[PDB]
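Visitor:
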Amino acid sequence: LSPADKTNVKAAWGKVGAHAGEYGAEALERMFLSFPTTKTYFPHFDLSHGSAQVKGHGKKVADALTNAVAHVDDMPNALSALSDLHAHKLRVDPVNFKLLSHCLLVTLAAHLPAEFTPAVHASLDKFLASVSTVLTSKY
Amino acid sequence: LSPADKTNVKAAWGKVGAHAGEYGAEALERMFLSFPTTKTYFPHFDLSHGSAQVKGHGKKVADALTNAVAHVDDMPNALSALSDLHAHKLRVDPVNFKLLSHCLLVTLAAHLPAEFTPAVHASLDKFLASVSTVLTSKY
Amino acid sequence: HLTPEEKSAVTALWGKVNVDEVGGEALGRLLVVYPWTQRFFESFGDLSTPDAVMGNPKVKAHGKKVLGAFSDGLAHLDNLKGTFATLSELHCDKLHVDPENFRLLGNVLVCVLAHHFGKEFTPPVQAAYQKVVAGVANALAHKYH
Amino acid sequence: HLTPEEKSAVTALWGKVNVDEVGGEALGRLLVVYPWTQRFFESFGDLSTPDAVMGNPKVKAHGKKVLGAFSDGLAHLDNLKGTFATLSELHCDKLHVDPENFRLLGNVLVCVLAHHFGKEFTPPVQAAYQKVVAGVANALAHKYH
Ligand code: HEM
Ligand code: HEM
Ligand code: HEM
Ligand code: HEM
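Residue numbers (PDB author numbering), protein chains in the order written: chain A, 2 to 140; chain C, 2 to 140; chain B, 2 to 146; chain D, 2 to 146.
Shown next as structure tokens:
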């Protein structure tokens, strides 16, 4: 993550603003539809369209991403509890993080045309990969 | 990584000793034989068995790995020039680093049976992945 | 394997795709986001900056070709393996392109479609297009199997 | 595809493989080195430490089964796709195992063979065994293609 990547990511996620929870819920819905194997991690969830459980989980994921943006230089320390969850208790396969990152990028592209330039796309991809490897670093 | 990973990697690579260049050359030979597509990065190289060019390149890679072990907590700064090389000039596909890491693990397993315990294997895998992602960081 | 409704949605969205810019945009974004792929395109001239990549007429001309190949695959969704036999030969035996790059380019194309179509690129449409791009990548990577 | 020299070398090395411990060692090392794979084996008991993993009778028995399946695939090198049809169905449509784990387990098995045979595991023999494990993983991941 170059400083240019950090500069690009902060502004792009700043223009996300109060739509973060909706974007996270939409990314979760996109991941569940495109990759149904990811649904096995949520057996207790109601995963239909418009689900309030999916809405709340999307808000949580979006808030975690906002915290990661605010703590980009200290992400491993800022995401220690989430890494503990996802690696020890959940032990999610790391390919699922790539799938969710792709769905987040698709949601951002479909909601922020002007912001989703190629350079911002590259920076967001690198930031999401860094978040994913932090969340899987406990393995 | 973890403190336990760092200790295991340090002990295992210390047990390599003066066979580092031979092990690097053998890992390069194994990579060229098992994955011939990696040979396209060395078109000016004599890549036959027993090649002195392969011997020298293996010595260089082994010395780089020794430096990375000596600087395990400052690997991104210690490997800045190598990452610059591999990412800007060479543009190596990242999959190739996984292939070379696997061949290094195979060489270590075939030469150090007592040292290659499952925990040491996991630590070496993590260390080689960290080295690979440092060397592909500039992308 | 796409259901008839997925096929109808995919062919309805593809009919409104600008065939002169979408492929070039996808190829340029692939080069920018995964710049090790630039190793396969040194004969395309300047690729130092994202602006130079997206302004490259060779990248635009090649992207047009790749989008045409994707359209050909879309017209033959049940014979993707036979549709991409010669392209698979070219990409594996001649160019030595790793098959993970095919998946990367397919996801970049999905992102480009989302960027261009906005809210009408619904999650079901995206799921159908993910099926399509996965099939195309699998057909192109067959010579490695 | 393996040349006759590669087939002879692979068969000669596999004839000396101890079928009671090699599969268990490979499965245990897969669990230790890629601990997310422990999610598929939560009914095997204690997997909290590497020693507990390598000392698990359930892991040993399942590794015996997996090594038997590998031997079955090795006895039919030209019909790997039909040899692994039911196992592919089980692993894909019933267990939902991501196909990258197949390649991971194959590489772990290659490492275990190198560990056991030392200098006997020459680079040509390793190249032949990499071909074999790649074929096995491809055959097992057919249901996803
Ligand atoms: C950027 C990627 C991700 C972020 C930021 C993220 C964030 C979070 C957060 C904030 C929570 C709630 C923690 C709490 O309430 O204490 C959570 C839980 C969870 N996550 Fe993720 N996550 C990510 C990726 C994934 C992926 C890819 C999967 C599976 C495919 C996954 C599966 C789960 C599950 C199953 C839970 C538990 C939910 C529940 O039990 O109610 N996560 N994650
Ligand atoms: C384990 C990770 C690796 C390490 C530690 C490593 C280390 C090195 C070193 C020390 C050099 C010599 C630089 C110098 O002369 O100062 C080098 C050069 C090079 N490496 Fe790597 N390397 C790694 C992985 C790879 C991979 C995976 C490839 C591609 C298959 C690759 C391709 C090259 C090439 C093409 C050169 C230039 C050779 C020449 O012109 O002399 N490296 N690497
Ligand atoms: C994933 C779907 C892809 C499709 C449908 C596709 C399609 C094509 C087509 C139609 C051509 C021109 C063939 C001709 O003119 O005879 C071509 C050539 C080429 N492709 Fe792709 N491509 C794909 C992926 C990739 C990727 C990911 C890379 C590199 C990372 C790549 C690298 C190249 C190169 C360098 C050429 C030039 C070959 C030459 O000039 O002889 N392709 N591809
Ligand atoms: C890569 C080559 C592999 C081979 C040849 C193989 C072989 C087998 C065999 C022979 C069985 C027993 C089937 C039966 O008794 O009917 C089995 C079951 C199973 N496999 Fe694998 N396996 C492979 C990879 C994997 C991987 C990588 C995982 C997980 C990460 C996995 C997870 C399982 C599980 C959980 C079962 C038990 C499920 C059941 O018996 O219903 N396998 N496999």
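Every residue gets a Cβ at the ideal spot worked out from N, C-alpha and C, and that includes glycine.
Can you list the alpha helix (DSSP H) stretches of 4 or more residues lying completely in the segment 34-103 of chain C, in chain order?
Guide: With a minimum length of 4 residues, the continuous alpha helix (DSSP H) runs that stay inside the segment 34-103 of chain C are 53-71, 76-79, 81-85.
Visitor: Would you mind telling me which residues of chain C sit closer than 7 Å to residue 101 of chain B, beta carbon to beta carbon, in chain order?
Guide: Residue numbering aside, residue 101 of chain B sits at position 100 when the third sequence is read from its first letter. Chain C residues near residue 101 of chain B: 96.
Visitor: Let me check you understand the geometry: is the CB of residue 64 of chain A closer than 8 Å to at least one non-hydrogen atom of ligand 1?
Guide: Counted from its first residue, the first sequence places residue 64 of chain A at position 63. Result yes, Cβ under 8 Å from ligand 1.
Visitor: Would you mind telling me which residues of chain D sit closer than 9 Å to residue 117 of chain C, beta carbon to beta carbon, in chain order?
Guide: To locate residue 117 of chain C, count along the second sequence from 1; it is residue 116. Result: 112, 115, 116.
Visitor: Would you say the beta carbon of residue 32 of chain A comes nearer than 8 Å to a heavy atom of ligand 1?
Guide: In the first sequence, counting from the first residue as 1, residue 32 of chain A sits at position 31. Yes.
Visitor: Using the Cβ count rule (16 or more neighbours within 10 Å means buried), how would you classify residue 95 of chain D?
Guide: By one-based count along the fourth sequence, residue 95 of chain D stands at place 94. Exposed, since its Cβ has fewer than 16 Cβ neighbours within 10 Å.
Visitor: Determine, using beta carbons only, whether residue 140 of chain C comes closer than 9 Å to chain B.
Guide: Start at 1 with the first residue of the second sequence, and residue 140 of chain C comes out as number 139. Interface residue, yes.
Visitor: Could one say the Cβ of residue 10 of chain A lies closer than 9 Å to chain B's Cβ atoms, at least one of them?
Guide: Translated into the one-based positions of the first sequence, residue 10 of chain A becomes position 9. For residue 10 of chain A, the answer is no, since every Cβ of chain B falls outside 9 Å of its Cβ.
Visitor: On the three-state DSSP scale, how would you describe residue 121 of chain B?
Guide: Translated into the one-based positions of the third sequence, residue 121 of chain B becomes position 120. If DSSP states are grouped into helix, strand and coil, residue 121 of chain B belongs with the helices.
Visitor: Kindly give me the distance between the Cβ atoms of residue 30 of chain C and residue 62 of chain C, rounded to whole angstroms, as I take these residues to be in contact under 8 Å.
Guide: Residue mapping note: residue 30 of chain C aligns to position 29 of the second sequence, counting from 1. Residue mapping note: residue 62 of chain C aligns to position 61 of the second sequence, counting from 1. Not quite, the Cβ-Cβ distance comes to about 12 Å (not below 8 Å), so this is no contact.
Visitor: Does chain D have any CB closer than 9 Å to the CB of residue 58 of chain C?
Guide: Residue 58 of chain C sits at position 57 when you count from the first residue of the second sequence. Not closer than 9 Å to any Cβ of chain D, the Cβ of residue 58 of chain C fails to qualify, so no.
Visitor: Are at least three pairs of beta-carbons, each pair with one atom in the segment 46-55 of chain A and one in the segment 82-97 of chain A, less than 8 Å apart?
Guide: Verdict: no, contact absent.
Visitor: Quick one, which residues of the segment 35-64 of chain D are near chain A if we go by CB-CB under 9 Å, in chain order?
Guide: Under the 9 Å Cβ criterion, the segment 35-64 of chain D contributes 35, 36, 37, 38, 39, 40.
Visitor: Sorted by chain position, which residues of the same chain lie with C-beta nearer than 6 Å to residue 138 of chain B's C-beta, five sequence neighbours on each side aside?
Guide: As a working note, residue 138 of chain B is residue 137 in the third sequence. These residues qualify, in order along the chain: 103, 104, 107.
Visitor: Could you have a look at residue 96 of chain B and say whether DSSP puts it in helix, strand or coil?
Guide: Reading the third sequence from its first residue, position 95 is the one you call residue 96 of chain B. If DSSP states are grouped into helix, strand and coil, residue 96 of chain B belongs with coil.
Visitor: Would a check of beta-carbon distances place residue 97 of chain B closer than 9 Å to chain C?
Guide: By 1-based counting over the third sequence, the position of residue 97 of chain B is 96. Yes, residue 97 of chain B lies at the interface with chain C (some Cβ there is under 9 Å from its Cβ).
Visitor: With a threshold of 9 Å between beta-carbons, can residue 82 of chain C be considered close to chain D, or not?
Guide: By one-based count along the second sequence, residue 82 of chain C stands at place 81. Residue 82 of chain C does not count as touching chain D.
Visitor: Let me check understanding here. Comparing Cα to Cα, which of D/115, D/18, D/41 lies closest to residue 93 of chain D?
Guide: Residue numbering aside, residue 93 of chain D sits at position 92 when the fourth sequence is read from its first letter. That would be D/41, whose Cα lies nearest to the Cα of residue 93 of chain D.
Visitor: Whose Cβ in chain A lies nearer than 7 Å to the Cβ of residue 108 of chain B?
Guide: Here residue 108 of chain B refers to the residue found at position 107 when the third sequence is read from its first residue. Those within 7 Å of residue 108 of chain B in chain A are 103.
Visitor: Of all the CB atoms in chain C, is at least one closer than 9 Å to the CB of residue 134 of chain A?
Guide: Counting from one through the first sequence, the residue named residue 134 of chain A turns up at place 133. True, the Cβ-Cβ gap to chain C drops below 9 Å.
Visitor: Closer than 8 Å by C-beta to residue 69 of chain D: which residues in its own chain qualify, once you throw out the five before and the five after it? Chain order, please.
Guide: Reading the fourth sequence from its first residue, position 68 is the one you call residue 69 of chain D. These residues qualify, in order along the chain: 20, 24.
Visitor: If you drop the 5 nearest sequence neighbours on each side, which residues of the same chain put their C-beta closer than 7 Å to that of residue 46 of chain D?
Guide: On the fourth sequence, residue 46 of chain D is found 45 positions in, with the first residue counted as 1. Here the set comprises 57, 59.
Visitor: Is the distance from the Cβ of residue 129 of chain D to the Cβ of residue 8 of chain D below 9 Å?
Guide: Looking up residue 129 of chain D in the fourth sequence gives position 128. Looking up residue 8 of chain D in the fourth sequence gives position 7. Result yes, Cβ atoms of residue 129 of chain D and residue 8 of chain D sit closer than 9 Å.
Visitor: Can you tell me whether residue 27 of chain A is buried or exposed? The criterion is at least 16 other CB atoms within 10 Å of its CB, across all chains shown.
Guide: For the purposes of this step, residue 27 of chain A is taken as the residue at position 26 of the first sequence. The residue in question, residue 27 of chain A, is buried, as its Cβ has 16 or more Cβ neighbours within 10 Å.
Visitor: What residues from chain C crowd round residue 29 of chain D, counting only those whose CB sits closer than 9 Å?
Guide: By one-based count along the fourth sequence, residue 29 of chain D stands at place 28. Ordered by position in chain C, the residues that pass the 9 Å Cβ test against residue 29 of chain D are 119.
Visitor: Within 9 Å (strictly less), CB to CB, does residue 88 of chain C reach chain B?
Guide: Within the second sequence, residue 88 of chain C is the residue found at index 87, counting from 1. Chain B, which has a Cβ nearer than 9 Å to the Cβ of residue 88 of chain C, makes this yes.
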